[PDB]
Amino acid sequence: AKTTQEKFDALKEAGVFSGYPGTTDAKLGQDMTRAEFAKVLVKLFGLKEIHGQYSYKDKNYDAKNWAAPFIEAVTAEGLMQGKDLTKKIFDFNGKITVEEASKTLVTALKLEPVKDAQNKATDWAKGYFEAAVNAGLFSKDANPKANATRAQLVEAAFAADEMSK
């Protein structure tokens, strides 16, 4: 039975998570941008990086943005679609929330969102969050609307990896 730190060490060794510049501290209580999380998903699920394609209109989303290949992969894969379809905003600097992460992993794992789910999640996410809870990706007392901590993301990613095996 591994601690959150040991799960992190393992995922980092596997190249799925990385740390912070200048320090080996894993900063498990810190948050994560949607950009960095896209990359996590790409490494976690072995997705192919997509260069030279730009499907969003966010400021500074272009060839100079290191995250675009990962964001494009998770979008082609159907894991993430962004926050606004008519304006094509992904919001890559905003932080990944528990309910957002829940959707991505539930989808990757082909678990079915719970229609009729009763919980504190935003409307669009209720079923994804319930499915993620039921599958043990996040604790039931996690706050679906909060920014996910890196600890929570390490636990969720580690559990998801084990379910793909």
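One-based numbering along the sequence shown. Only the largest set of C-alpha atoms that superpose within 1.5 Å between the two forms is called the rigid core.
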Checklist entry - If you line up the core and then measure how far each C-alpha sits from this form in 4 other deposited structures of this protein, which stretch comes out higher, 23 to 31 or 117 to 125? => result 23 to 31
Next on the checklist: On mean Cα temperature factor in this entry, is 141 to 149 or 15 to 23 the higher one?
Outcome noted: 15 to 23
Checklist entry - Got a sec? Mean C-alpha B-factor, which is higher, 6 to 14 or 153 to 161? => result 6 to 14
Checklist outcome for this item: The residue of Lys126, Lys59, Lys103, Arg34 with the maximal C-alpha B-factor according to the PDB record is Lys59
Checklist outcome for this item: Comparing C-alpha B-factors across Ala63, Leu28, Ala121, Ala135 in this entry, the winner is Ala63
Item to check | Chain thirds of CA B-factor: placement of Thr97 | outcome: lowest
Checklist entry - If you rank the chain by CA B-factor, which third does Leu85 end up in: lowest, middle or highest? => result highest
Item to check | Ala38, C-alpha B-factor rank within chain (lowest, middle or highest third) | outcome: lowest
Item to check | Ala108 - Cα temperature factor, lowest/middle/highest third of chain | outcome: middle
Checklist outcome for this item: On the chain's distribution of Cα B-factors, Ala67 falls within the third called middle
